[PDB]
Structures are given as C-alpha cells and as structure tokens.
Amino acid sequence: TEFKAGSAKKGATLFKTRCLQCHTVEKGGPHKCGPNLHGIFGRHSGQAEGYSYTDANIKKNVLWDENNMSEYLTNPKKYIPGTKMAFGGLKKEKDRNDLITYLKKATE
Amino acid sequence: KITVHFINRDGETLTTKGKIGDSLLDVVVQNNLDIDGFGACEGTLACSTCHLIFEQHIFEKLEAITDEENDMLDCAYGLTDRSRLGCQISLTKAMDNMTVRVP
Ligand code: HEC
Ligand code: FES
C-alpha cells in the first residue's frame, strides 16, 4: 500500500490516549460522542446505525481501508471538511501505522 | 468576585467563587472542584465534559453560541434546552449566586 504494519500494542495505547474519549471499538460497544467503530474496515462512512453523522461525513462516502484511514487521521477536517470530529490529527506516519495496526485487529 | 453553585452529578452542591471574566472551566479548575472529567480538552472545543445546564434567565442572555461550540455540544450526554459548554461561558454580574447543573 503506502501503509505498513506497526505495533498493535503501541496502537492500543494510542487508541486509549487519543480516541477512547469519543469511541469504542468492540462489537456491541456503544456510540459515544463518536460512533462505535467495530467493522469499520470495508464499510463506507456514515453507515453505523443509531448515530447522527454530519451531512459532510455521509456524502463524502469514503470506503474505509487501512490506507484512507491514514490520510484521514492525518487531518480529519482537511479530509472531510465539515466533520464534527474534533481531532487535530496524527502527523507521524509511524503513529498512524501503529494505531491502524491496532484498529485493523480490534475492529474485526 | 461572584458566587457560583454547582450541582454535581452525585447531587452534592459545590459552592465557589470566580472573578467576572473567568470562564466556568476556569472556575472549576482553579478551585479544584470535584467534577469527574470536567475540562478534558482544557477548553479547545474538542470534548463535551464541560457541559453545564443553566437557569433559564441566565441562559437566555448568554453570548450567542458559535458553530464550533454547537458541534461539540451536539455530542454531549444529557443535553437540555439550557445547555452550554462551560469553557465558553465567562462570568458576568448577572450570574452572582446562580446555580448550574452537571449532567
Ligand atoms: C473529541 C471526540 C473525538 C475524538 C478524540 C476522535 N473522534 Fe473520531 N469521530 C468523532 C465524531 C463526533 C465522529 C462523527 C463525525 C461526523 O459525523 O462528522 C467521528 C468519526 C470517526 C470516523 C468516521 C466513522 C464512520 O463510520 O464513517 C472514524 C474512522 C474515526 N472517528 C476514528 C477515530 C480515531 C481512530 C480517533 C483517535 C485518533 C478518533 N476518531 C478521535 C469524534 C472523535
Ligand atoms: S473543556 Fe472541552 S470543550 Fe470545554
């Protein structure tokens, strides 16, 4: 790709410190501020039921792959202008590789 | 300085003082109020933990809500018609002795 595997353990702690405030990853996990992300890989943006997405996310219709996800995480608002996800971004590719490695695994 | 009362989620009333111009997050942070998780993003509109529920007469004269606050506020738990993000609300004369509720 333009994405390579990292440390899932490192990625777990990245999740906890940077994403857990708003999201769950487990199957049967609830929506919070943000939507539960189980099964995100391969699904298009805006399709978790019971969550109120912005117009912007839905119409962006991103197919979530480890690769898209990387560009998204760099700068969410640059990627989906108008998203209400209030997260600045993960500028280091190594951080993103770690986190996505952990998401790839925990969201299946 | 003015008195502000906070009804915490446990039901305990926290009575404290802040200076006019201070945000409600400033009030919580400086006085070490025991409100679990309050002020997570340290007032940058990236969290909903500073959500407070205001008295109606206070609420109606608050500064116009910005789109940025609204997007974050939309995600808060226990939203009411008198809800604002506290880190955006600064103390005014009219708030002396007011009560806010932590949902
Ligand atoms: C301050 C809360 C917040 C944080 C922190 C946050 N998100 Fe989000 N996230 C949201 C919200 C709100 C949405 C919904 C966006 C909308 O509808 O525009 C979102 C949407 C998402 C989406 C799109 C989901 C879909 O079904 O299309 C992904 C992927 C995502 N977040 C991943 C994460 C990851 C991974 C992190 C950790 C770096 C993270 N987010 C950090 C709030 C947050
Ligand atoms: S402290 Fe996070 S938005 Fe108020």
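The structure contained in this document is the topic of the report that follows. (Residues numbered from 1 in each chain as written, not as in the entry; some residues may be left out. Chains lettered and ligands numbered in written order. Heavy atoms only, no water.)

A short note on the coordination of the iron atom of ligand 1
Residue and element names in this part refer to chain A. Protein ligation of the iron atom of ligand 1 involves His23 (NE2) and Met85 (SD), the donor distances falling in the range 2.0 to 2.4 Å. Coordination at the iron atom of ligand 1 comes from 6 donor atoms whose angles at the metal span 87 to 178°, giving a geometry best classed as octahedral. Separated by 62 residues along the polypeptide, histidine 23 in the loop between α1 (8-18) and α2 (55-60) and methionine 85 in the loop between α4 (76-79) and α5 (93-106) bring together distant segments of the chain. Exposure remark for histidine 23: the relative accessible area of 11% places this residue in the buried category. (Donors = N, O, S within 2.8 Å, 3.2 Å for Na, K, Ca; no water. Tetrahedral: all angles 85-135°; square planar, octahedral: opposite > 155°, others 65-115°. Helix = DSSP H or I, 4+ residues; strand = E, 2+ residues; numbered from the N terminus. Buried < 20%, exposed > 50% of the residue type's maximum accessible area, 1.4 Å probe, protein only.)

Some remarks on the side chain of A:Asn68
Residue and element names in this part refer to chain A. Residue placement: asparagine 68 occurs in helix α3 (residues 66-74). Judged by its relative accessible area of 17%, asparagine 68 is buried. One polar contact links the side chain of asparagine 68 to the main-chain carbonyl oxygen of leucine 63, over a distance of 3.1 Å. The contacts of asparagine 68, once residues within four sequence positions are left out, are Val62, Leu63 and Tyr79. (Polar contact = N/O pair within 3.5 Å; in protein donor to acceptor, adjacent residues only side chain to side chain. Contact = heavy atoms within 4.5 Å.)

Side note on the site of ligand 1
Close contacts around ligand 1 come from 26 residues, with A:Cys19, A:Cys22, A:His23, A:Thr54 and A:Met85 the closest. Those residues lying near ligand 1 are distributed over chains A and B. A:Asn57 is positioned with one of its side-chain polar atoms (N or O) 3.3 Å from an oxygen atom of ligand 1. Residue A:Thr83 places a side-chain N or O atom 2.9 Å away from an oxygen atom belonging to ligand 1. (Near = heavy atom within 4 Å.)

Observations regarding the state of the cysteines
Tallied over the entire structure, the rule returns 1 disulfide over all chains. In this model, A:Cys33 is linked to B:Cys75 through a disulfide, with the two sulfur atoms separated by 2.0 Å. On the S-S bond that ties A:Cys33 to B:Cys75, the torsion sits near -105°, and the link is left-handed. Of the two residues, A:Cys33 sits in the loop between α1 and α2 while B:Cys75 sits in the loop between α3 (67-73) and β4 (83-85), which places them in two different chains. The residues A:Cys33 and B:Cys75 share a single accessibility class, namely buried. (Disulfide = S-S within 2.5 Å.)

Regarding the environment of B:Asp71
Residue and element names in this part refer to chain B. Its place among the elements puts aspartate 71 in helix α3. A relative accessible area of 32% places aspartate 71 in the partly exposed class. Sequence-wise, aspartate 71 and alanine 46 are 25 residues apart; in three dimensions their C-alpha atoms are separated by 9.4 Å.

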